[PDB]
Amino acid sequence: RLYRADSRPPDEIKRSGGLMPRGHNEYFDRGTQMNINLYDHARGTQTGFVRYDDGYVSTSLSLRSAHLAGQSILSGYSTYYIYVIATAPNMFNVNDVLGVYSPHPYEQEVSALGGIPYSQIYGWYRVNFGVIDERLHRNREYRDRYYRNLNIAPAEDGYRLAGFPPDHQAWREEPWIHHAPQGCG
């Protein structure tokens, strides 16, 4: 399971369709196409929100790490949440995919391409005056049978989705070269 610190409340997330990246209103909402790029999302530090720019929403591998981010990020807030997210193919390990050019390495992020649908969220914890309430609230709409056997997308699949700018050397080195989009390399 992965975790994300967020000021946005459960009922808001429910109306939105899940933890949405910056700018996207409804999860399925088409028409209003947004820029979806991994490398640009990974370098983008945002205040008021844990990295959720450029068609991706980032998460952390443990409650503690997610909690560390909320601390420095949602520092101002008197009450926020840490959502417990199930692993599925829409998520990519930013470190594994970006490699040497990993914007902020030692932070070990895993980003969900296009957001995190509500049915993929297991539950969440409330955090008051920066202290986690050890009572997880199960999301009644979490698809257990479905997400039970799912896991993160292997880095292989993220390579071409790497978003590196046209040149970036990676496009001319292992293993981004074996996967460079039509115009990269």
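In case it trips you up, residue 1 is the first one in the sequence shown, and so on.
According to the PDB record, 104 to 112 carries the higher mean C-alpha B-factor of the two stretches 84 to 92 and 104 to 112. Per the PDB record, of the two stretches 159 to 167 and 11 to 19, 159 to 167 carries the greater mean B-factor over its C-alpha atoms. Residue-level inspection of the entry shows that, of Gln33, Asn151, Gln120, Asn139, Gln33 has the top Cα B-factor. Ranked within its chain, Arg145 lands in the lowest third, by CA B factor from the PDB record. When the modelled residues of the chain are ordered by their C-alpha B factor, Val131 lands in the lowest third. For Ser58, the recorded CA B-factor ranks within the lowest third of the chain. Only modelled residues enter the ranking.
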